[PDB]
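Colleague: This is the structure, below, for whatever I ask next.
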Amino acid sequence: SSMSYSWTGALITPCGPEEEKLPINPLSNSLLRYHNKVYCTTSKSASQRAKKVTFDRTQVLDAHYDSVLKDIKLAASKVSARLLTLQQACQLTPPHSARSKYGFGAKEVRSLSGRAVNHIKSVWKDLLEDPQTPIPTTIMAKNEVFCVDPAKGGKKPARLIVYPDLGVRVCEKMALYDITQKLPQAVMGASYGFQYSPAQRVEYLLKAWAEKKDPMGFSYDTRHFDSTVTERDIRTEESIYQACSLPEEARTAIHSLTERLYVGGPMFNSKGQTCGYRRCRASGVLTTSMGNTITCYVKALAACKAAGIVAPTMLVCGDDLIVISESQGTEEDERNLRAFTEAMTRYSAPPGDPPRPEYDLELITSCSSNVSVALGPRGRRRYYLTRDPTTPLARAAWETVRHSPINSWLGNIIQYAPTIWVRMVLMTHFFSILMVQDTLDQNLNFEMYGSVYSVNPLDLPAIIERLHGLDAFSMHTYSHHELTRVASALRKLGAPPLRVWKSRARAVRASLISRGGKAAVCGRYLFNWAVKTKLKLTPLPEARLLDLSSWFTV
Ligand SMILES: [Cl-]
């Protein structure tokens, strides 16, 4: 049937300067040694990516699909959603969103400047009047940092970004922002993955697992999900949006964005040239995350029914998927998974790595992460979210004229506070750098889900207690999988081993303690693992006064 993309042969071009690595990385050369291994994806590998994501989709739906889609339209119709005013939408534009081609940027949009509001008025009108003309998009190579992996081809090619002009993106919010806030939760309930902090994610998986008399879990990895979304999936999404109680102007707007933007359209590189034509999900539109999540949910749940998965409990986050269910014995489990995969493939969501049933929660990875377990000093089991530290370490070491890695350090310290690698490596490095710089009391930005929060480093103990519990400060005996993986990642990036971090941590803790006040709290709480004679840590009152609820909800 349809190709995800077609190409004119024009290059996917850079937006000006692509940053050289410098001969000295002064913030991270005490963190790890093998900087040669840390790299950033650029436009140079853009074609390589285009080839991998360009392919034919043929899609065969069935009674299981239809049945699930009907249930979802039902659940959708429970939702009442509003238009946002032009001004409300303008206001929700992130401060660094890519400037429009019509002579204004995010600053103007957020400030409600007359010219911007005007242009946006005329874009909205054109959306109500013309429900057909394809809206042009820009295509860019994404810049992301990884550690080289010889096993998997050396260097990954850059992901591709496809987005309409800023004027249109503002219109998308007026039409759909409210739906993005209400639909996923309404169709999926507790299965919606973007509503959970790490600790809450953990607790959900544990509850799912404990409800099965004989649990089995698997993760599902779709190969290039965006590319696998069909015009029909997209029209099916519009049709789910339309099932909500909306005002007529929204209906018209949604239809128009579906036919003119979401379903497909022509792509131009940054130099102005026609680059190709897209017939799949665009990565840079408002509905990408909700879209992928709902469509993955519909497909996955129908696939469960097609394969005979018993009592599924799902967790969905865009293209990432965990299913925990009642085991039917290993031999049937393996067959059901093969059938699940066949259904998904029929639905046009074929796998990368084929799925595999597992019976131990530590062995399931989704969203690049997994649950693991550690003991208190008394033998009590504590479960927490973790992940391979390779990419966090690589990103911890990306330093250029334009980018500092410190925010990145902070983000992982926050998300992954209870892990052995955060506690022994990142925390130790982070606090040592800030002390020496004498910037311990200076606010930094925590980046999550396109949002930013100003965080004071001396507030970390409170934040961590709030997010993860006082247990985050007393994990004693980590797992074999966890010890192995962390040792191996440190060795792979040329970082000191954990034994050296313990020494560095002792010294950092001492320096924090000697500075008194908040810093001293940091040293006592965050580095209690580093001393043989433990202090008794107690709930922090400043933590009770904390509302982090918006941090991990979309
Ligand atoms: Cl930066």
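In the structure tokens, chains take letters A, B, ... by order of appearance, with residues numbered from 1 within each chain and ligands from 1 in the order shown.
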Report as a compact mmCIF listing (two decimals) with C-alpha atoms, in the first residue's frame all protein, DNA and RNA residues lying within 10 Å of residue 181 of chain A, evaluated on only C-alpha atoms, omitting residues in the same chain fewer than 3 positions from it.
Modeller:
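Contents of around35.txt, as written:
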```
# COMPACT_ATOMS: atom_id res chain seq x y z
CA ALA A 81 -13.13 19.36 26.03
CA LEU A 176 -6.27 20.07 20.89
CA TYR A 177 -4.38 21.09 24.03
CA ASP A 178 -7.35 20.44 26.25
CA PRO A 184 -5.32 9.59 27.41
CA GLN A 185 -6.33 9.29 31.03
CA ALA A 186 -9.95 8.87 29.99
CA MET A 290 -1.05 11.23 22.83
CA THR A 553 2.64 14.26 34.65
CA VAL A 554 2.43 15.48 31.07
```
Colleague: Excluding residue 437 of chain A and any residue of its chain fewer than 6 positions from it, enumerate the residues within 12 Å of it, using only C-alpha atoms, and give them as a PyMOL selection string.
Modeller: chain A and resi 26-27+430-431
Colleague: With only C-alpha atoms as the basis for distance, which of A:32, A:321, A:304, A:140 is at the shortest distance from residue 394 of chain A?
Modeller: A:32
Colleague: What gap, in Å, lies between atom CA of residue 348 of chain A and atom CA of residue 232 of chain A?
Modeller: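 Value for the atom CA of residue 348 of chain A-atom CA of residue 232 of chain A distance: 10.8 Å.
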Colleague: Using only C-alpha atoms and all ligand atoms, what are the residues with an atom within 7 Å of ligand 1, set out as a list in words?
Modeller: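 The residues near ligand 1 are residues 402, 403, 404 and 405 of chain A.
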Colleague: Neighbours of residue 491 of chain A within 12 Å (only C-alpha atoms; same-chain residues fewer than 2 positions away dropped), as a PyMOL selection string?
Modeller: chain A and resi 31-34+389-390+393+484-489+493-498
Colleague: Which neighbours of segment 84-91 of chain A fall inside 9 Å, counting only C-alpha atoms, when residues of the same chain fewer than 6 positions from it are skipped, and could you give them as a ChimeraX atom specification?
Modeller: /A:106,109-112,117,120-121,124,170-178
Colleague: Enter the distance from atom CA of residue 46 of chain A to atom CA of residue 347 of chain A, in Å, rounded to one decimal.
Modeller: 27.6 Å
Colleague: Write out as a PyMOL selection string the residues lying within 12 Å of residue 251 of chain A, counting only C-alpha atoms and excluding same-chain residues fewer than 6 positions away.
Modeller: chain A and resi 81-83+127-128+131+174-176+179+238-245+257-258
Colleague: Need to verify the contact set: residue 265 of chain A, 9 Å, only C-alpha atoms, exclusion of same-chain residues closer than 4 positions in sequence. Can you return it as a PyMOL selection string?
Modeller: chain A and resi 134-137+260-261+276-279
Colleague: Take the residues that were just selected and, keeping N, CA, C and O atoms, output them as an mmCIF file, in the first residue's frame.
Modeller:
```
data_model
loop_
_atom_site.group_PDB
_atom_site.id
_atom_site.type_symbol
_atom_site.label_atom_id
_atom_site.label_comp_id
_atom_site.auth_asym_id
_atom_site.auth_seq_id
_atom_site.Cartn_x
_atom_site.Cartn_y
_atom_site.Cartn_z
ATOM 1 N N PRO A 134 -2.471 20.600 1.999
ATOM 2 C CA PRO A 134 -1.450 20.117 2.915
ATOM 3 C C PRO A 134 -0.606 21.269 3.425
ATOM 4 O O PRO A 134 -0.193 22.134 2.634
ATOM 5 N N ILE A 135 -0.384 21.270 4.743
ATOM 6 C CA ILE A 135 0.459 22.250 5.416
ATOM 7 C C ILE A 135 1.930 21.819 5.348
ATOM 8 O O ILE A 135 2.261 20.708 5.730
ATOM 9 N N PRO A 136 2.813 22.697 4.857
ATOM 10 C CA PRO A 136 4.218 22.307 4.727
ATOM 11 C C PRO A 136 4.947 22.224 6.078
ATOM 12 O O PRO A 136 4.636 22.960 7.013
ATOM 13 N N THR A 137 5.916 21.327 6.169
ATOM 14 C CA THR A 137 6.643 21.101 7.401
ATOM 15 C C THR A 137 8.126 21.217 7.106
ATOM 16 O O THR A 137 8.533 21.100 5.962
ATOM 17 N N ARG A 260 -4.825 18.082 6.890
ATOM 18 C CA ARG A 260 -3.759 18.905 6.308
ATOM 19 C C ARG A 260 -2.368 18.729 6.910
ATOM 20 O O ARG A 260 -1.372 19.109 6.298
ATOM 21 N N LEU A 261 -2.302 18.198 8.121
ATOM 22 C CA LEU A 261 -1.036 18.124 8.844
ATOM 23 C C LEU A 261 -0.703 16.696 9.299
ATOM 24 O O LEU A 261 0.326 16.145 8.918
ATOM 25 N N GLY A 276 10.829 15.962 0.548
ATOM 26 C CA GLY A 276 10.086 14.725 0.400
ATOM 27 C C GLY A 276 8.648 14.812 0.834
ATOM 28 O O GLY A 276 8.122 15.890 1.068
ATOM 29 N N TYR A 277 7.994 13.672 0.942
ATOM 30 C CA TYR A 277 6.613 13.686 1.320
ATOM 31 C C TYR A 277 6.391 12.623 2.369
ATOM 32 O O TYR A 277 6.845 11.490 2.205
ATOM 33 N N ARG A 278 5.666 12.986 3.419
ATOM 34 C CA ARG A 278 5.435 12.107 4.556
ATOM 35 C C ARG A 278 4.006 11.591 4.561
ATOM 36 O O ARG A 278 3.064 12.344 4.291
ATOM 37 N N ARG A 279 3.858 10.309 4.892
ATOM 38 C CA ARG A 279 2.559 9.657 4.962
ATOM 39 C C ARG A 279 2.406 8.901 6.304
ATOM 40 O O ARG A 279 1.635 7.929 6.417
#
```
Colleague: Extract, using only C-alpha atoms, all DNA, RNA and protein residues at most 7 Å from residue 138 of chain A, discarding same-chain residues fewer than 2 positions from it, and format them as a count of residues only.
Modeller: 8
Colleague: Nearest to residue 95 of chain A among A:198, A:418, A:23, A:450, with distances taken over only C-alpha atoms: which residue is it?
Modeller: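 That would be A:450, the residue with the smallest distance to residue 95 of chain A.
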Colleague: Which residues in segment 225-332 of chain A does DSSP call strand (DSSP E)? List them as a count of residues only.
Modeller: 24
Colleague: Identify all residues of segment 287-408 of chain A in helix (DSSP H, G or I) (DSSP on the backbone) and supply them as a ChimeraX atom specification.
Modeller: /A:288-307,330-346,361-363,390-395,406-408
Colleague: Pick from A:28, A:523, A:132, A:337: nearest to residue 406 of chain A, with only C-alpha atoms counted?
Modeller: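 Residue with the minimum atom-to-atom distance to residue 406 of chain A: A:28.
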